[PDB]
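Q: You'll find upload.cif just under this line, and it carries mmCIF, C-alpha atoms and all ligand atoms.
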data_protein
#
loop_
_atom_site.group_PDB
_atom_site.id
_atom_site.type_symbol
_atom_site.label_atom_id
_atom_site.label_comp_id
_atom_site.auth_asym_id
_atom_site.auth_seq_id
_atom_site.Cartn_x
_atom_site.Cartn_y
_atom_site.Cartn_z
ATOM 1 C CA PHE G 1 176.488 84.307 -83.897
ATOM 2 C CA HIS G 2 178.696 84.824 -86.943
ATOM 3 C CA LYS G 3 176.733 83.837 -90.058
ATOM 4 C CA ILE G 4 178.835 81.661 -92.385
ATOM 5 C CA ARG G 5 177.846 81.377 -96.036
ATOM 6 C CA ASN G 6 176.946 77.950 -97.379
ATOM 7 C CA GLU G 7 179.325 78.585 -100.291
ATOM 8 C CA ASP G 8 182.271 78.606 -97.865
ATOM 9 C CA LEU G 9 181.415 75.224 -96.264
ATOM 10 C CA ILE G 10 182.139 71.769 -97.702
ATOM 11 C CA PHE G 11 180.547 68.731 -96.056
ATOM 12 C CA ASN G 12 182.712 65.622 -95.820
ATOM 13 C CA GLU G 13 182.542 62.358 -93.876
ATOM 14 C CA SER G 14 179.825 61.606 -91.347
ATOM 15 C CA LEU G 15 181.231 61.208 -87.835
ATOM 16 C CA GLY G 16 178.060 60.109 -86.059
ATOM 17 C CA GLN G 17 174.776 61.311 -84.623
ATOM 18 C CA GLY G 18 173.549 63.309 -81.665
ATOM 19 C CA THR G 19 170.051 63.740 -80.312
ATOM 20 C CA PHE G 20 168.046 64.902 -83.358
ATOM 21 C CA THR G 21 171.326 65.810 -85.117
ATOM 22 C CA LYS G 22 173.806 64.450 -87.648
ATOM 23 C CA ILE G 23 177.490 65.321 -87.289
ATOM 24 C CA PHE G 24 180.021 65.673 -90.124
ATOM 25 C CA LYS G 25 183.594 66.657 -90.733
ATOM 26 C CA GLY G 26 183.846 69.620 -93.079
ATOM 27 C CA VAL G 27 186.089 72.327 -94.484
ATOM 28 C CA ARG G 28 185.605 76.099 -94.248
ATOM 29 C CA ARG G 29 187.403 78.381 -96.690
ATOM 30 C CA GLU G 30 188.152 81.619 -94.865
ATOM 31 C CA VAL G 31 190.319 84.710 -94.682
ATOM 32 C CA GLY G 32 192.585 84.254 -91.666
ATOM 33 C CA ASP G 33 195.185 86.337 -89.872
ATOM 34 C CA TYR G 34 197.204 88.749 -92.033
ATOM 35 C CA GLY G 35 194.728 88.097 -94.859
ATOM 36 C CA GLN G 36 196.051 84.594 -95.539
ATOM 37 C CA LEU G 37 193.538 82.262 -97.171
ATOM 38 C CA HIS G 38 192.941 79.007 -95.298
ATOM 39 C CA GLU G 39 190.914 75.853 -95.746
ATOM 40 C CA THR G 40 190.186 75.028 -92.110
ATOM 41 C CA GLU G 41 188.870 71.730 -90.781
ATOM 42 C CA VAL G 42 185.529 72.170 -89.008
ATOM 43 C CA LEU G 43 182.895 70.170 -87.163
ATOM 44 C CA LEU G 44 179.435 70.547 -88.708
ATOM 45 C CA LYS G 45 176.370 69.748 -86.591
ATOM 46 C CA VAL G 46 173.077 69.582 -88.510
ATOM 47 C CA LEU G 47 169.648 69.527 -86.886
ATOM 48 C CA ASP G 48 167.367 66.916 -88.446
ATOM 49 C CA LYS G 49 164.771 68.617 -90.638
ATOM 50 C CA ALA G 50 162.009 66.556 -89.006
ATOM 51 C CA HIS G 51 162.922 68.214 -85.679
ATOM 52 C CA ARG G 52 163.265 71.777 -86.993
ATOM 53 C CA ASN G 53 160.986 72.820 -84.113
ATOM 54 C CA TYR G 54 163.927 72.377 -81.711
ATOM 55 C CA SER G 55 165.983 74.916 -83.704
ATOM 56 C CA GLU G 56 165.916 77.599 -80.987
ATOM 57 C CA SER G 57 167.065 75.209 -78.256
ATOM 58 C CA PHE G 58 169.566 73.729 -80.722
ATOM 59 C CA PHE G 59 171.213 77.120 -81.117
ATOM 60 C CA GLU G 60 170.697 78.117 -77.474
ATOM 61 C CA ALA G 61 173.026 75.312 -76.375
ATOM 62 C CA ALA G 62 175.744 76.597 -78.697
ATOM 63 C CA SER G 63 175.142 80.155 -77.500
ATOM 64 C CA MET G 64 175.981 79.011 -73.968
ATOM 65 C CA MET G 65 179.469 77.938 -75.026
ATOM 66 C CA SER G 66 180.166 81.198 -76.877
ATOM 67 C CA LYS G 67 179.172 83.565 -74.060
ATOM 68 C CA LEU G 68 182.504 82.777 -72.374
ATOM 69 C CA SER G 69 186.023 81.966 -73.563
ATOM 70 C CA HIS G 70 188.128 79.264 -71.922
ATOM 71 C CA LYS G 71 190.944 76.903 -72.874
ATOM 72 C CA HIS G 72 188.787 73.834 -72.087
ATOM 73 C CA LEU G 73 185.659 74.850 -74.047
ATOM 74 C CA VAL G 74 185.330 73.935 -77.725
ATOM 75 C CA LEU G 75 185.235 76.946 -80.044
ATOM 76 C CA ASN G 76 182.128 77.854 -82.025
ATOM 77 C CA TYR G 77 182.960 79.322 -85.430
ATOM 78 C CA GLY G 78 179.397 80.311 -86.264
ATOM 79 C CA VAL G 79 176.162 79.087 -87.803
ATOM 80 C CA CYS G 80 174.904 78.400 -91.308
ATOM 81 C CA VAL G 81 171.145 78.955 -91.395
ATOM 82 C CA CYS G 82 171.016 79.145 -95.197
ATOM 83 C CA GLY G 83 167.881 77.501 -96.534
ATOM 84 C CA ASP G 84 165.858 75.061 -94.451
ATOM 85 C CA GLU G 85 168.921 73.618 -92.678
ATOM 86 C CA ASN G 86 170.240 74.649 -89.271
ATOM 87 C CA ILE G 87 173.998 74.129 -89.024
ATOM 88 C CA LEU G 88 176.427 74.669 -86.147
ATOM 89 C CA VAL G 89 180.021 75.308 -87.264
ATOM 90 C CA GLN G 90 182.568 74.444 -84.576
ATOM 91 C CA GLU G 91 186.242 73.668 -84.018
ATOM 92 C CA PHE G 92 187.375 70.227 -85.196
ATOM 93 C CA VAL G 93 189.176 68.482 -82.325
ATOM 94 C CA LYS G 94 191.677 66.091 -83.875
ATOM 95 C CA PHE G 95 191.267 62.939 -81.775
ATOM 96 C CA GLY G 96 187.516 63.085 -81.212
ATOM 97 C CA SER G 97 185.314 61.972 -78.357
ATOM 98 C CA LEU G 98 186.883 60.661 -75.167
ATOM 99 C CA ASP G 99 184.648 57.594 -74.810
ATOM 100 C CA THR G 100 185.674 56.235 -78.220
ATOM 101 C CA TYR G 101 189.314 57.066 -77.470
ATOM 102 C CA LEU G 102 189.130 55.222 -74.142
ATOM 103 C CA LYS G 103 187.489 52.180 -75.730
ATOM 104 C CA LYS G 104 190.191 52.004 -78.412
ATOM 105 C CA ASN G 105 193.191 52.805 -76.172
ATOM 106 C CA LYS G 106 192.076 51.259 -72.861
ATOM 107 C CA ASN G 107 195.028 48.844 -72.692
ATOM 108 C CA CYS G 108 197.536 51.738 -72.300
ATOM 109 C CA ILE G 109 195.826 54.386 -70.140
ATOM 110 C CA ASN G 110 196.905 54.511 -66.495
ATOM 111 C CA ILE G 111 195.823 56.434 -63.402
ATOM 112 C CA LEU G 112 197.956 59.518 -64.115
ATOM 113 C CA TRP G 113 196.344 60.030 -67.537
ATOM 114 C CA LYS G 114 192.849 59.648 -66.064
ATOM 115 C CA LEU G 115 193.761 62.014 -63.226
ATOM 116 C CA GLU G 116 194.987 64.726 -65.607
ATOM 117 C CA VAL G 117 191.868 64.459 -67.777
ATOM 118 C CA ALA G 118 189.713 64.530 -64.640
ATOM 119 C CA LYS G 119 191.509 67.635 -63.365
ATOM 120 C CA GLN G 120 191.047 69.431 -66.691
ATOM 121 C CA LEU G 121 187.332 68.594 -66.835
ATOM 122 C CA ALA G 122 186.907 69.684 -63.210
ATOM 123 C CA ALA G 123 188.653 72.973 -64.021
ATOM 124 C CA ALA G 124 186.289 73.601 -66.940
ATOM 125 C CA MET G 125 183.304 72.899 -64.680
ATOM 126 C CA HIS G 126 184.748 75.176 -61.985
ATOM 127 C CA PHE G 127 184.932 77.934 -64.607
ATOM 128 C CA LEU G 128 181.284 77.276 -65.502
ATOM 129 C CA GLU G 129 180.193 77.148 -61.846
ATOM 130 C CA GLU G 130 181.903 80.442 -60.969
ATOM 131 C CA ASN G 131 180.027 81.956 -63.933
ATOM 132 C CA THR G 132 176.764 80.275 -62.805
ATOM 133 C CA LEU G 133 176.408 78.680 -66.248
ATOM 134 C CA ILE G 134 174.637 75.322 -66.480
ATOM 135 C CA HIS G 135 176.056 72.924 -69.053
ATOM 136 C CA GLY G 136 173.414 70.206 -68.739
ATOM 137 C CA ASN G 137 175.061 67.331 -70.618
ATOM 138 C CA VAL G 138 178.463 66.425 -69.183
ATOM 139 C CA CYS G 139 179.472 63.000 -70.526
ATOM 140 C CA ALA G 140 182.550 61.353 -72.003
ATOM 141 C CA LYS G 141 181.154 61.682 -75.536
ATOM 142 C CA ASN G 142 181.145 65.470 -75.043
ATOM 143 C CA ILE G 143 184.816 65.515 -73.995
ATOM 144 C CA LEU G 144 187.229 65.834 -76.912
ATOM 145 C CA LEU G 145 190.947 65.057 -77.009
ATOM 146 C CA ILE G 146 192.957 67.932 -78.504
ATOM 147 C CA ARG G 147 196.283 66.125 -78.061
ATOM 148 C CA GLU G 148 197.528 62.825 -76.682
ATOM 149 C CA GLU G 149 199.868 62.165 -73.789
ATOM 150 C CA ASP G 150 203.513 62.021 -74.894
ATOM 151 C CA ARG G 151 205.647 60.423 -72.179
ATOM 152 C CA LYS G 152 208.753 61.195 -74.255
ATOM 153 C CA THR G 153 208.288 64.942 -73.637
ATOM 154 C CA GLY G 154 206.182 64.749 -70.455
ATOM 155 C CA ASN G 155 203.225 66.418 -72.177
ATOM 156 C CA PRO G 156 199.889 65.569 -70.522
ATOM 157 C CA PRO G 157 196.756 64.981 -72.588
ATOM 158 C CA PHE G 158 194.591 68.021 -73.249
ATOM 159 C CA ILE G 159 190.796 67.922 -73.480
ATOM 160 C CA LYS G 160 187.954 70.309 -74.276
ATOM 161 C CA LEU G 161 184.298 70.166 -73.267
ATOM 162 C CA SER G 162 181.792 70.329 -76.122
ATOM 163 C CA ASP G 163 178.379 71.995 -76.225
ATOM 164 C CA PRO G 164 175.500 70.154 -74.511
ATOM 165 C CA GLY G 165 173.103 69.954 -77.455
ATOM 166 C CA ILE G 166 169.355 70.381 -77.135
ATOM 167 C CA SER G 167 168.502 70.956 -73.479
ATOM 168 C CA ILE G 168 167.018 68.204 -71.317
ATOM 169 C CA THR G 169 164.443 70.806 -70.271
ATOM 170 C CA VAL G 170 162.736 70.418 -73.679
ATOM 171 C CA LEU G 171 163.584 66.835 -74.606
ATOM 172 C CA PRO G 172 160.954 64.070 -74.636
ATOM 173 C CA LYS G 173 160.711 61.988 -71.477
ATOM 174 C CA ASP G 174 161.918 58.753 -73.103
ATOM 175 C CA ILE G 175 165.165 60.388 -74.241
ATOM 176 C CA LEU G 176 165.672 61.676 -70.690
ATOM 177 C CA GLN G 177 165.113 58.192 -69.275
ATOM 178 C CA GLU G 178 167.495 56.669 -71.827
ATOM 179 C CA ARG G 179 170.129 59.132 -70.548
ATOM 180 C CA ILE G 180 170.087 57.734 -67.018
ATOM 181 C CA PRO G 181 172.481 57.856 -65.204
ATOM 182 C CA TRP G 182 173.899 61.067 -66.703
ATOM 183 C CA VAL G 183 170.583 62.868 -66.158
ATOM 184 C CA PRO G 184 170.301 63.228 -62.358
ATOM 185 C CA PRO G 185 167.291 61.905 -60.412
ATOM 186 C CA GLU G 186 165.711 65.300 -59.750
ATOM 187 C CA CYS G 187 165.667 66.082 -63.475
ATOM 188 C CA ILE G 188 163.933 62.765 -64.150
ATOM 189 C CA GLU G 189 161.386 63.802 -61.520
ATOM 190 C CA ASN G 190 161.112 67.279 -63.088
ATOM 191 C CA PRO G 191 163.210 68.477 -66.054
ATOM 192 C CA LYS G 192 162.762 72.095 -64.926
ATOM 193 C CA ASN G 193 164.926 71.103 -61.929
ATOM 194 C CA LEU G 194 167.961 71.671 -64.170
ATOM 195 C CA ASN G 195 170.462 73.357 -61.888
ATOM 196 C CA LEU G 196 174.149 73.806 -61.136
ATOM 197 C CA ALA G 197 174.064 70.605 -59.037
ATOM 198 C CA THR G 198 173.019 68.718 -62.188
ATOM 199 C CA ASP G 199 176.513 69.096 -63.626
ATOM 200 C CA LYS G 200 178.072 67.764 -60.426
ATOM 201 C CA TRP G 201 176.031 64.569 -60.727
ATOM 202 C CA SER G 202 176.805 64.195 -64.441
ATOM 203 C CA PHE G 203 180.477 64.874 -63.711
ATOM 204 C CA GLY G 204 180.396 61.878 -61.382
ATOM 205 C CA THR G 205 178.926 59.715 -64.145
ATOM 206 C CA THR G 206 181.590 60.970 -66.553
ATOM 207 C CA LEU G 207 184.347 60.032 -64.111
ATOM 208 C CA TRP G 208 182.823 56.551 -64.010
ATOM 209 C CA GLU G 209 183.102 56.468 -67.816
ATOM 210 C CA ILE G 210 186.731 57.660 -67.772
ATOM 211 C CA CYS G 211 187.588 54.948 -65.232
ATOM 212 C CA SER G 212 185.641 52.192 -67.035
ATOM 213 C CA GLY G 213 187.517 52.155 -70.353
ATOM 214 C CA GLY G 214 184.612 53.701 -72.241
ATOM 215 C CA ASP G 215 181.916 51.353 -70.944
ATOM 216 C CA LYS G 216 178.493 52.926 -70.499
ATOM 217 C CA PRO G 217 177.032 52.700 -66.973
ATOM 218 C CA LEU G 218 173.763 50.746 -66.753
ATOM 219 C CA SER G 219 173.810 50.013 -70.501
ATOM 220 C CA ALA G 220 172.311 46.580 -69.795
ATOM 221 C CA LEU G 221 169.239 48.219 -68.209
ATOM 222 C CA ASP G 222 166.336 49.289 -70.397
ATOM 223 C CA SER G 223 164.479 52.525 -69.644
ATOM 224 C CA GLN G 224 162.082 51.004 -67.101
ATOM 225 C CA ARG G 225 164.963 49.428 -65.173
ATOM 226 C CA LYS G 226 166.896 52.713 -65.258
ATOM 227 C CA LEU G 227 163.890 54.437 -63.696
ATOM 228 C CA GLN G 228 163.759 51.643 -61.119
ATOM 229 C CA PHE G 229 167.494 52.131 -60.533
ATOM 230 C CA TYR G 230 166.790 55.697 -59.440
ATOM 231 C CA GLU G 231 163.690 54.579 -57.514
ATOM 232 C CA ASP G 232 165.723 52.187 -55.333
ATOM 233 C CA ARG G 233 168.443 54.844 -54.813
ATOM 234 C CA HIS G 234 171.242 52.642 -56.129
ATOM 235 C CA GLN G 235 174.772 53.847 -56.840
ATOM 236 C CA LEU G 236 177.007 52.851 -59.719
ATOM 237 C CA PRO G 237 179.398 49.971 -58.974
ATOM 238 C CA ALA G 238 182.988 50.971 -58.391
ATOM 239 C CA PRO G 239 185.128 50.540 -61.523
ATOM 240 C CA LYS G 240 187.754 47.809 -61.359
ATOM 241 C CA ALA G 241 190.166 50.757 -61.376
ATOM 242 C CA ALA G 242 188.564 52.090 -58.212
ATOM 243 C CA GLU G 243 190.858 55.035 -57.378
ATOM 244 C CA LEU G 244 188.057 57.547 -58.081
ATOM 245 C CA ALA G 245 185.110 55.494 -56.787
ATOM 246 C CA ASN G 246 184.636 57.582 -53.637
ATOM 247 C CA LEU G 247 184.695 60.822 -55.644
ATOM 248 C CA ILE G 248 182.194 59.377 -58.134
ATOM 249 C CA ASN G 249 179.828 58.400 -55.332
ATOM 250 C CA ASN G 250 180.253 61.764 -53.570
ATOM 251 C CA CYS G 251 179.302 63.600 -56.767
ATOM 252 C CA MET G 252 176.362 61.278 -57.543
ATOM 253 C CA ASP G 253 174.554 62.307 -54.382
ATOM 254 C CA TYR G 254 170.792 61.879 -54.531
ATOM 255 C CA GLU G 255 170.555 65.111 -52.523
ATOM 256 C CA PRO G 256 171.494 67.920 -54.965
ATOM 257 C CA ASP G 257 172.330 70.398 -52.180
ATOM 258 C CA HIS G 258 174.963 68.007 -50.784
ATOM 259 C CA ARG G 259 176.963 67.570 -53.978
ATOM 260 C CA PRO G 260 180.448 69.056 -53.486
ATOM 261 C CA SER G 261 181.546 72.273 -55.146
ATOM 262 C CA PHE G 262 183.981 71.887 -58.021
ATOM 263 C CA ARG G 263 186.644 73.656 -55.951
ATOM 264 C CA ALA G 264 186.338 70.868 -53.377
ATOM 265 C CA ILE G 265 186.334 68.287 -56.184
ATOM 266 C CA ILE G 266 189.579 69.774 -57.523
ATOM 267 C CA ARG G 267 191.102 69.694 -54.038
ATOM 268 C CA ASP G 268 190.183 66.008 -53.702
ATOM 269 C CA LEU G 269 191.632 65.245 -57.148
ATOM 270 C CA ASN G 270 194.909 66.948 -56.249
ATOM 271 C CA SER G 271 195.051 65.007 -52.960
ATOM 272 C CA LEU G 272 195.738 61.694 -54.779
ATOM 273 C CA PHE G 273 199.520 61.273 -55.035
HETATM 274 F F1 LIG G 301 180.232 62.513 -83.955
HETATM 275 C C1 LIG G 301 180.448 63.205 -82.793
HETATM 276 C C2 LIG G 301 181.235 64.355 -82.813
HETATM 277 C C3 LIG G 301 181.488 65.088 -81.637
HETATM 278 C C4 LIG G 301 182.364 66.376 -81.731
HETATM 279 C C5 LIG G 301 181.862 67.597 -81.190
HETATM 280 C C6 LIG G 301 182.625 68.789 -81.277
HETATM 281 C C7 LIG G 301 183.867 68.764 -81.909
HETATM 282 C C8 LIG G 301 184.379 67.519 -82.476
HETATM 283 N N1 LIG G 301 185.586 67.506 -83.091
HETATM 284 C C9 LIG G 301 186.072 66.370 -83.611
HETATM 285 C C10 LIG G 301 185.316 65.177 -83.532
HETATM 286 C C11 LIG G 301 185.902 63.848 -84.124
HETATM 287 C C12 LIG G 301 185.200 62.654 -84.442
HETATM 288 N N2 LIG G 301 186.120 61.752 -84.900
HETATM 289 N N3 LIG G 301 187.372 62.375 -84.862
HETATM 290 C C13 LIG G 301 188.665 61.774 -85.259
HETATM 291 C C14 LIG G 301 189.202 60.635 -84.443
HETATM 292 C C15 LIG G 301 189.595 59.341 -85.171
HETATM 293 N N4 LIG G 301 189.813 59.548 -86.613
HETATM 294 C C16 LIG G 301 188.593 60.135 -87.220
HETATM 295 C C17 LIG G 301 188.359 61.556 -86.707
HETATM 296 C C18 LIG G 301 187.258 63.628 -84.402
HETATM 297 N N5 LIG G 301 184.138 65.187 -82.923
HETATM 298 C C19 LIG G 301 183.634 66.355 -82.387
HETATM 299 C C20 LIG G 301 180.916 64.657 -80.435
HETATM 300 C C21 LIG G 301 180.112 63.495 -80.406
HETATM 301 F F2 LIG G 301 179.580 63.092 -79.245
HETATM 302 C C22 LIG G 301 179.879 62.753 -81.574
HETATM 303 C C23 LIG G 301 178.985 61.467 -81.559
HETATM 304 N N6 LIG G 301 179.611 60.336 -81.332
HETATM 305 C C24 LIG G 301 180.368 60.303 -80.165
HETATM 306 C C25 LIG G 301 181.025 58.940 -79.915
HETATM 307 O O1 LIG G 301 181.698 58.491 -81.028
HETATM 308 C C26 LIG G 301 180.881 58.460 -82.159
HETATM 309 C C27 LIG G 301 180.245 59.822 -82.444
#
Output the structure of this file as structure tokens.

A:
Amino acid sequence: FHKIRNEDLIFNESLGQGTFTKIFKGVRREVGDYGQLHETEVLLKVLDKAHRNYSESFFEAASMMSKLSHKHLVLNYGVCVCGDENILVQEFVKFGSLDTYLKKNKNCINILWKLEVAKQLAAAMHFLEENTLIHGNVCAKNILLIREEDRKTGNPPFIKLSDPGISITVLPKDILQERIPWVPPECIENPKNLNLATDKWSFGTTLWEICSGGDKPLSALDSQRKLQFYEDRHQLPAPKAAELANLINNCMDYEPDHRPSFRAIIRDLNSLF
């Protein structure tokens, strides 16, 4: 990881919170190409001091995204570990998380937009699968919109997948249960069951999000009822825009070995026209 000096980073507005983290917009003063000075917008993720013990895992997640380079993976600029703070310095994606964007723009997003975003996410996951790299936290909040659809010039939307944050393999059980139904059943049974099939399940849940205008599946269920939801082997209801319901249910297979490869998922996606 490239170590960035605290002097070169300026914290600005809070954008929200992750698990044991606070997230801010910031500015990084840097020497760019040809020696030109730039003040670059950045995303600053800060681990809560009270959870400093997760630091390793906190950085491990980010490490996963920087091992490979891909057009659909958010860039990591480096880390600031100056002092007692642990800071991730990442690319600032203009339009932010996809779930917020869907909730705000639901009244003007059709099937073609959803299908393009789904294809891009599936392509990112196919890249990860071919590299045998587990993401571990696919969800609409971790999809970021680089640019919007422009029907005037035919441009499709473009998305990037963000880093997964602290791994579910080390998170407390109640956080895992709160993350049903993104966390697959076998990881609720044993968090060390984290596997490639995990991301296929979570991809199904994320498709449900994309199709549901930013609604959160099973949000009306508390943790005990989410557990019970997995115990009775229920599936998510089809979204009112049901064009992807079969794909969602095929990915959210209670048998991890039966979840389809992302190549087959991409084939299915392309078959809808
Ligand atoms: F606060 C968060 C930040 C990210 C995130 C991770 C990695 C890179 C990111 N780049 C930009 C933005 C971002 C945030 N807002 N905006 C603009 C859009 C509208 N104008 C203001 C800025 C851009 N967010 C990024 C992911 C999250 F998961 C949350 C946590 N939450 C996710 C759901 O929404 C609330 C925050």

Q: Determine the residue membership of the PyMOL selection byres (((chain G and resi 65-80) around 9) and not hetatm) for the file above and supply it as number ranges by chain.

A: G: 1-6, 9, 42, 59, 61-64, 81-83, 85-93, 120-121, 123-124, 127-128, 131, 135, 144, 158-164

Q: Between G:39, G:149, G:199, G:222, which is the closest to residue 251 (chain G) once you count only C-alpha atoms?

A: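 Using only C-alpha atoms, the shortest distance to residue 251 (chain G) belongs to G:199.
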
Q: Emit as JSON the padded axis-aligned box for all listed atoms of ligand LIG 301 (chain G), 4 Å per side, with centre and edge lengths in Å to one decimal.

A:
{"center_x": 184.4, "center_y": 63.6, "center_z": -83.2, "size_x": 18.8, "size_y": 18.3, "size_z": 16.0}

Q: Counting all atoms listed in the file, which residue out of G:225, G:152, G:167, G:145 sits closest to residue 55 (chain G)?

A: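 Nearest candidate to residue 55 (chain G) out of G:225, G:152, G:167, G:145: G:167.
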
Q: Take CA of residue 194 (chain G) and CA of residue 100 (chain G) and report the distance between them in Å, one decimal.

A: 27.4 Å

Q: Name the residues that the PyMOL selection byres (((not hetatm)) within 6 of (chain G and resi 301)) picks from the file above, as a list in words, using the file's chain letters and numbers.

A: residues 15, 16, 17, 18, 23, 43, 91, 92, 93, 94, 95, 96, 97, 100, 141, 142 and 162 of chain G

Q: Which one of G:226, G:258, G:126, G:119 sits closest to residue 244 (chain G) if you count only C-alpha atoms?

A: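 Selected residue with least distance to residue 244 (chain G): G:119.
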
Q: When you get a chance, write out N, CA and C atoms for region 183-201 of chain G, as a compact mmCIF listing (two decimals), in the coordinates of the input.

A:
# COMPACT_ATOMS: atom_id res chain seq x y z
N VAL G 183 171.65 61.98 -66.61
CA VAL G 183 170.58 62.87 -66.16
C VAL G 183 170.30 62.55 -64.70
N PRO G 184 170.41 63.52 -63.79
CA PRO G 184 170.30 63.23 -62.36
C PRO G 184 168.87 62.94 -61.96
N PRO G 185 168.66 62.30 -60.80
CA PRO G 185 167.29 61.90 -60.41
C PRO G 185 166.29 63.04 -60.40
N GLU G 186 166.67 64.21 -59.88
CA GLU G 186 165.71 65.30 -59.75
C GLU G 186 165.28 65.85 -61.10
N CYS G 187 166.09 65.67 -62.14
CA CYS G 187 165.67 66.08 -63.48
C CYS G 187 164.75 65.05 -64.11
N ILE G 188 164.91 63.77 -63.74
CA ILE G 188 163.93 62.76 -64.15
C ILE G 188 162.60 63.03 -63.47
N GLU G 189 162.63 63.45 -62.21
CA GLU G 189 161.39 63.80 -61.52
C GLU G 189 160.76 65.05 -62.12
N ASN G 190 161.58 66.04 -62.48
CA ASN G 190 161.11 67.28 -63.09
C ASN G 190 162.25 67.88 -63.91
N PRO G 191 162.11 67.94 -65.24
CA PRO G 191 163.21 68.48 -66.05
C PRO G 191 163.50 69.95 -65.80
N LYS G 192 162.52 70.71 -65.31
CA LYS G 192 162.76 72.10 -64.93
C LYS G 192 163.62 72.22 -63.67
N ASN G 193 163.99 71.10 -63.04
CA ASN G 193 164.93 71.10 -61.93
C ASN G 193 166.37 71.24 -62.38
N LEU G 194 166.60 71.49 -63.67
CA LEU G 194 167.96 71.67 -64.17
C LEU G 194 168.64 72.80 -63.40
N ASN G 195 169.84 72.53 -62.91
CA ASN G 195 170.46 73.36 -61.89
C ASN G 195 171.97 73.21 -62.00
N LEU G 196 172.70 73.97 -61.19
CA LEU G 196 174.15 73.81 -61.14
C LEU G 196 174.53 72.43 -60.60
N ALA G 197 173.77 71.92 -59.62
CA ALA G 197 174.06 70.60 -59.04
C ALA G 197 173.97 69.48 -60.07
N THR G 198 173.12 69.66 -61.08
CA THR G 198 173.02 68.72 -62.19
C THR G 198 174.40 68.34 -62.71
N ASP G 199 175.22 69.35 -63.01
CA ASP G 199 176.51 69.10 -63.63
C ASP G 199 177.46 68.38 -62.67
N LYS G 200 177.26 68.53 -61.36
CA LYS G 200 178.07 67.76 -60.43
C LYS G 200 177.72 66.28 -60.51
N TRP G 201 176.43 65.96 -60.53
CA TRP G 201 176.03 64.57 -60.73
C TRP G 201 176.61 64.01 -62.02
